[PDB]
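The next block holds one structure in the form of structure tokens; read it before the comments.
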Amino acid sequence: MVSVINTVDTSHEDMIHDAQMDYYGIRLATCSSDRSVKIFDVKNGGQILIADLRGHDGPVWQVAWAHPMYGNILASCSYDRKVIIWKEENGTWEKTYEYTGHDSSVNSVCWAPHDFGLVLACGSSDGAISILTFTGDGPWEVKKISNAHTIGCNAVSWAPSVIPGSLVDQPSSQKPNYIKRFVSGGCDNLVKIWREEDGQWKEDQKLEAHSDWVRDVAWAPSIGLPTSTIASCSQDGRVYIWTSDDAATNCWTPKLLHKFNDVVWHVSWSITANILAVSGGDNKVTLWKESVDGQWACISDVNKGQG
Amino acid sequence: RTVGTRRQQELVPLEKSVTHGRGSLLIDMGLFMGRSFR
Amino acid sequence: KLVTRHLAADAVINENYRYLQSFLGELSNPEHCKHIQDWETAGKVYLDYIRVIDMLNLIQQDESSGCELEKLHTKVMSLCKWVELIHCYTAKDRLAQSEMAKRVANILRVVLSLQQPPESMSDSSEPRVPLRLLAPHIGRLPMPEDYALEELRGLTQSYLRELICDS
Amino acid sequence: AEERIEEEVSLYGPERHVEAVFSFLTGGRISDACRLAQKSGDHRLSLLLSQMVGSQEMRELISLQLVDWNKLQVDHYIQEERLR
Amino acid sequence: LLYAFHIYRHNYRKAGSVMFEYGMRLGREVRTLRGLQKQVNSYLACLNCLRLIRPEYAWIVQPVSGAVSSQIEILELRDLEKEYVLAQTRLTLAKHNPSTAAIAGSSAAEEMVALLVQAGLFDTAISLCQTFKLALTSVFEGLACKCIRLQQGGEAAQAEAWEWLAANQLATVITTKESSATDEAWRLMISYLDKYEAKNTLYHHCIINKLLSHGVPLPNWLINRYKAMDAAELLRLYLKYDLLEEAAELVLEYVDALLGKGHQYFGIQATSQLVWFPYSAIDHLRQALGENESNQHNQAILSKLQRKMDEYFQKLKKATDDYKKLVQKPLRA
Amino acid sequence: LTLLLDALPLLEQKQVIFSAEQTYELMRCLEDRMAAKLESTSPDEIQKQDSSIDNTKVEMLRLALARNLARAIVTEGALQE
Amino acid sequence: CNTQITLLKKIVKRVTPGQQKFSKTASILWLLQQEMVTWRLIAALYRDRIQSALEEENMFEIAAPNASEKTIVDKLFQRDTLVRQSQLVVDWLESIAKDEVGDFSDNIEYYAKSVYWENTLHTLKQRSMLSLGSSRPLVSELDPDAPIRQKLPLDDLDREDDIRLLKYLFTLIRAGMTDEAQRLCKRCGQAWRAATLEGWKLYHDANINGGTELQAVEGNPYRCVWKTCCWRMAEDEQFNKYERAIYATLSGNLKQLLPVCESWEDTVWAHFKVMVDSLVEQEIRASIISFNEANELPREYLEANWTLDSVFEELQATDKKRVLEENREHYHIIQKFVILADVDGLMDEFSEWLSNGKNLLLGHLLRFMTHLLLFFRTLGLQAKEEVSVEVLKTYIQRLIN
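Residue numbers (my numbering), protein chains in the order written: chain A, 637 to 943; chain B, 4 to 41; chain C, 722 to 888; chain D, 6 to 89; chain E, 7 to 339; chain F, 1140 to 1220; chain G, 22 to 422.
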């Protein structure tokens, strides 16, 4: 589909479970069953391993870049029940924090919108979700949601930063009390929405449409529309698009995107075009876009091996 | 020496059904689900 | 914040007061001073270092007019009791603090050189007069126990010599 | 007491808040008994020992608190002589 | 007199500055053997006064001696440490070896590490790694080379080896009549790797990579200890050495460890909770057994292993289904 | 360490038999000791209530070496005329 | 005002959240609350000013070998009233926070009580049975400093209950209700913490001067040691932010108090509270002749100067967006100039507000301004007048329309 670009020999010894570009698209973080997190500085072509970060005792499942306003920070989560925060200072990568407050595998990590501060959500196979907060002064603060999912949490995704009433006149200097939300998917077949109220996290909604384990959840970035959109995928081979047209009604409507013949592993939103990337057990990556009639169409099918 | 064996670096062709009934066991699915790509 | 913890120490080492004089001049406006945390403190500090140097040199040469000299005295005598309080909470903080104290002291020595009026008419400008405020400011002046106290000891020896002269 | 207490404070090596704390109290000098609580986050006695204290009720409620832990039959795993 | 006068006035700052100046100018104008050892004595004394300082304010302002506008640089012990560690590596290089003695004279830290590695000074290389931040990779390689000198070595070379082995901290050269100057040299390599704890398989990697150069058969318990940590890296190492058997014995033992037999010798921790199944490594084993397959022994072992894995997965499925039934009793409190 | 303490009293004496270049070599040895300690030498025995005294012993050695060097240069310089 | 505020509060509480129709109600309900807090302020300050002017007269006792602080402060009150006004601002801000607490003090009783329990105790008993895997390391002792001394956490429920208790204790202290905070500590089983809140009581021995009846000694003779301990506890990041703020409030540590102050009133209160503590302890220390020491703070602490203006300059220099927004509100500007005693500067703000658009001024603010000018006139403090007449004219014309 797209013209062929650089090939990166990662020198790995196993399957890369997940990969994320940094905010400016100058670096690629990758993580594997080999227990390493590898960072590549692929600027203007030129594949370049710049760090091999070792600190996990098991397979690393997900990596998340923080917003560059806090410097070059990377989170990783693993089967070893740990979340590690890596920071680059003067071109040296170091472990700056380690969180061990989960009793089972930590399957997903997601940084909050930078407007909320330096906040990390972590979903675990112990069924809990932990919110790690860095205030600039002292240790990381931890708010743990115990029994968030009955069997295990597989995925976490933050809601976009929305200022309530952004079309209402306000003073030049003021603090915008953001509604902090995130979505989680679990092994109880539920997609759950969470809200911060009075410094505590509460379950705001349960979304029931999957018939087997929710594998991934992705909150669509705000494109300046009032409609909030979430994608979820599951072991049942379904992908759902959840829409909420009014933030006051909290009414979420599921629309079936597609049903694959195999498991769907990950869902990811394009920042600018509301395009959903869907990764299946069939070793395909499909791209989906909503048409003007509200129908979802597959706009590309990317097979392993056509590069 | 200075020759090498020759690393088979295939994400394995298509063994499947074995590990699959193996996972039909619902006792664990997080390892079942390490194979693909997030 | 940023300026202080970095550009000020390097601009003193390289003595690049000019490039620092814009940001601190523009922040020193009577409406901006109302709103800056720690403004008082650091503003005064750096602004004054640079100002003192400049004023000193220029005036001295010029013709060394008395009134500016009164206001330089007023600024400098207060600045002793402000260099006293630097809270260099971190390393370089202290690194830079030391650097600056050192350079400032050197410059002050050189400047006083031709300072309080060379006494051509007196038996060589003997410093009979002693200032208690300078000694009090030195006691409240904060810096490392090594070089700063060695300088304090030298000042104490000078004070003892002045007391012997008074005797 | 001051001589035989600095013999004792030379012997009770790091440390024991159920012994060297007791001997420091058997000859007060509470001034330095506070710098020694450095290893506890319990200068509750930092201002309590130096001062006369609430007496009649302050320390009596410390006592009531103790009576209560006692009745609670709970906190069985507590310092052997911390109670002393 | 300049130097002694500075020392008499407890002016450790000035003494250090002056000794640094001394060494600069020294090297500058005196490129003979003797004047260069004076360069050295002077840097040695600089560092020594600077570091024989005070305490609470032990911190002494340091200004770069821009005179062999001058910038001011603050060292602390650290950076001049770097400098004389370099100087002394040059010194020992020139003691042990004469031609690189001259090249040390005109050589740097890394250069000294290389020279030491060449003269066979594994301990010197380790010291260079501790000084310069080049890690212990080179030190591990030198210790590993000493270990190889035992696997594929000769009489005269074995007699000479006891001299350099005794010069390194083997606090336990037990000269048993069985352990030759080669066994004690390998024990010294192990003790240096232990004395340098790191959170990586780096030391086991460097030893294995060194052995596999001509091949090796490292001791039952040592391999067991490696497994207690590094089941994969062993398998990759086995593939590099292309040993089909040992790989199958390792998998049989690793599967027995996961099943509860000898799990302590495999870094394995196991009301069910978590069970990581190394499916990708098993699929690589299936591929590697499939790419050749001529031997009737590896296929017999593979079939026995498969049948056993199927028995395990059937019992795991039953136990997981019974756990699901157990967890469903009670939401009736 | 024990031997270095002995050397300290020896240098202390009003007249020092040891040459300035001798105990400078002793200083070299002491620095080597410190370096090996930081690493190889048993960390357990390194941690003892003794460091303060050791530092005081090292300062005494530096002072004695500097005083001997200043005298030696004056006597050797006065014999070269 | 309070009668109509109570009625409007009942109306606003009965409305379903989301009817835009009642926004005018919320905004002027807040305006009405500010107006009520303005009559109360006028009554407090002008009662003092009139009483002081009637007693701007007799005296007088100076010094004694003694230094009972009570006696030092009683002698101060005779000759210095400048410090007093700062304490009246503290008492005023503590009264606002008390009005916000309301009957919530009684509802705290449902959440902070004795229990059927388990807890860290259950997990400790279970570990003695089997060596359970993945077990979090909890404190081994139950003394108050065990979490800090051992660097080990409590159970997550007990830790949440402690954080909730500490937030309420800080709220009660911010409302001037230090006796209710002590009662709450005793009820929650933390009678030791109740005793730590008493160390700020001024030492007084009524028997030193030879009374006919023996009276009981008051306060803490080891205040300086207690205050030094509270300061160290406020700086230690191992403590919760509200525990740090409690001991910061009680020791004069502004830097450790400011992180929990979220409004303009909290920020003003923190500055004025620390200023009064600072000035009081400077006078107590100046009364001293000899003795040992609980402190030697850097010189920057002793050369520091506290003035009404410096408090409001620091408020303008704050990084807190909410405080900078509230600091531009008309009533907080009025309260600043009332505190500063700068009537001429207040009249310049009134002139600016009238110039920037007469129709943008809310009718209750114009009423308040009018009655404040009539109040100043009754004090023969009319303070400029062409403009006063033109404000009155413009308001009369508005009332006619």
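We put the beta carbon where it would ideally sit given N, CA and C, even for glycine.
Point to revise | Member of A:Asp670, A:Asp773, A:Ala764 whose CA lies at the smallest distance from the CA of A:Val696 | key: A:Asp670
Check your understanding: When the Cα atoms are used, what is the spatial distance from E:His210 to E:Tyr232?
Key -> 8 Å
**Study point:** Nearest-angstrom Cα separation, counted from C:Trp803 out to C:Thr762
**Key:** 8 Å
Review point. For C:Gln782 versus G:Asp340, is the C-beta spacing smaller than 8 Å?
Key: no
Exercise for review: Report the residue from G:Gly39, G:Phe43, G:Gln54 whose alpha carbon sits nearest the alpha carbon of G:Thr24.
Suggested key: G:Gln54
Check your understanding: Is the stretch 794-814 of chain A close to the stretch 342-350 of chain G, with three or more CB pairs under 8 Å?
Key -> yes
Exercise for review: Give the range of the alpha helix (DSSP H) segment to which C:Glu820 is assigned.
Suggested key: 812-834
Practice item. Output yes if chain A places a C-beta closer than 8 Å to the C-beta of B:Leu28; else output no. Key: no
Point to revise | A:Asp739 versus A:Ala909: straight-line alpha-carbon distance, rounded | key: 39 Å
Check your understanding: Run through DSSP, which three-state label would residue 97 of chain D get?
Key -> Because chain D here runs from 6 to 89, residue 97 of chain D falls outside it and cannot be looked at.
Check your understanding: Hey, is E:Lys330's beta-carbon within less than 8 Å of any beta-carbon in chain B?
Key -> yes
Point to revise | Chain-order list of residues whose beta-carbon lies under 7 Å from that of E:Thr143 (same chain, five-residue window excluded) | key: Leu208, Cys212
Practice item. Return yes when the Cβ of A:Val778 is within less than 8 Å of the Cβ of A:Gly737, no when it is not. Key: yes
Check your understanding: Within 10 angstroms of its Cβ, does D:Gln61 collect 16 or more other Cβ (buried), or is it exposed?
Key -> exposed
Exercise for review: Grab me the residues of A:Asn919's own chain with a C-beta within less than 6 Å of its C-beta, minus the 5 sequence neighbours each way, in chain order.
Suggested key: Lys940
Practice item. Note down the Cα distance separating E:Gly29 from E:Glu87, rounded to an integer number of angstroms. Key: 15 Å
Check your understanding: Is C:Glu805 near C:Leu876, with beta carbons less than 8 Å apart?
Key -> no
Point to revise | Option nearest C:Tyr738 by Cα separation, candidates C:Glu752, C:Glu872, C:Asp769, C:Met798 | key: C:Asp769
Review point. How is G:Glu234 classed by DSSP in three states: helix, strand or coil?
Key: coil
Check your understanding: G:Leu28 to A:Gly753, Cα distance in whole Å?
Key -> 41 Å
Check your understanding: Taking only runs of the alpha helix (DSSP H) that begin and end inside the stretch 142-230 of chain G, which ones reach a length of at least 4 residues, in chain order?
Key -> 167-170, 177-195, 199-208, 212-217
Review point. How about G:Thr391 and G:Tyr416: are their beta carbons less than 8 Å apart?
Key: yes
Check your understanding: What residues in the stretch 49-80 of chain E have a beta carbon less than 9 Å from any beta carbon of chain C?
Key -> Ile59, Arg60, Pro61, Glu62, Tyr63, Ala64, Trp65, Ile66, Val67, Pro69, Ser75, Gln77, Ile78, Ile80
Check your understanding: What first and last residue would you give for the alpha helix (DSSP H) that runs through residue 1010 of chain A?
Key -> No answer is possible for residue 1010 of chain A: it lies beyond the span of chain A, which begins at 637 and ends at 943.
Review point. At which residues does the alpha helix (DSSP H) containing G:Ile354 begin and terminate?
Key: 351-361
Review point. From G:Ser126 to G:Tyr189, what distance separates their C-alpha atoms?
Key: 9 Å
Check your understanding: So G:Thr46 is in the alpha helix (DSSP H); what residue range does that whole segment cover?
Key -> 44-75
Point to revise | 4 or more residues per run - each alpha helix (DSSP H) lying fully within the stretch 82-109 of chain E | key: 83-102
Check your understanding: For G:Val58 versus G:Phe43, is the C-beta spacing smaller than 8 Å?
Key -> no
Check your understanding: Is there contact between the stretch 774-788 of chain C and the stretch 839-852 of chain C, where contact requires at least three CB pairs shorter than 8 Å?
Key -> no
Practice item. For C:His756, return the contacting residues in chain G, with the cut-off set at a CB-CB distance below 7 Å. Key: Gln337, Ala338
Review point. With burial defined as no fewer than 16 other Cβ atoms inside 10 Å of the residue's Cβ, what is the status of A:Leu893: buried or exposed?
Key: buried
Check your understanding: Apart from the five residues on each side of it in sequence, which residues of its chain come closer than 7 Å, Cβ to Cβ, to E:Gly273?
Key -> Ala234, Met235
Exercise for review: Identify every residue that forms a DSSP beta bridge with A:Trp855.
Suggested key: A:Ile866
Review point. Got a sec: which bits of the stretch 1175-1187 of chain F sit with their beta carbon under 7 Å from any beta carbon on chain E, in order along the chain?
Key: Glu1178, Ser1179
Exercise for review: Step through the CB atoms of chain A and report whether any lies within less than 8 Å of the CB of B:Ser20.
Suggested key: no
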